[PDB]
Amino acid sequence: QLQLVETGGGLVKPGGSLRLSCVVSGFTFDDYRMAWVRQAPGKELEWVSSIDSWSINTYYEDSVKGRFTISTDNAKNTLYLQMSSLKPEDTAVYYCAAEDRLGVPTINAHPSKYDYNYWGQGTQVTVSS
């Protein structure tokens, strides 16, 4: 039953606002740190943001802080990324990921697949004039 499905990614004008929803199944958010990770067209994966829900704690890549806002909802069991003030080079495929809370809590900027227990399918986010 372990699965993560992302929705809400699309095309919005530079300076717009998007609301990605990662609907997860098979685990609770009190057992897993949640993360949004972007992949540029051809570049290596780039960690965007993470959240610890058991005690409200947000982590933002410097280029992200203040604009985006990661949130969780144990009601509806859904992770949210409230994007806003979108810039041109935030265009990428955006995956949600779940990391076992009990493991080494480091945040690698360019993760590989073994940085997270579970990955999603990803939603495309394009931003062009």
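All residue numbers refer to positions in the sequence shown, first residue = 1.
Comparing 82-90 with 44-52, the stretch with the higher mean C-alpha B-factor in the PDB entry is 82-90. For the two regions 110-118 and 14-22, the entry's Cα B-factors average higher over 14-22. Split the chain's modelled residues into thirds by C-alpha temperature factor. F29 is in the middle one. Sorting the modelled residues of the chain by their CA temperature factor places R38 in the middle third. Ranked by Cα temperature factor within the chain, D73 sits in the middle third according to the deposited record.
For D62, the recorded CA temperature factor ranks within the highest third of the chain's modelled residues.
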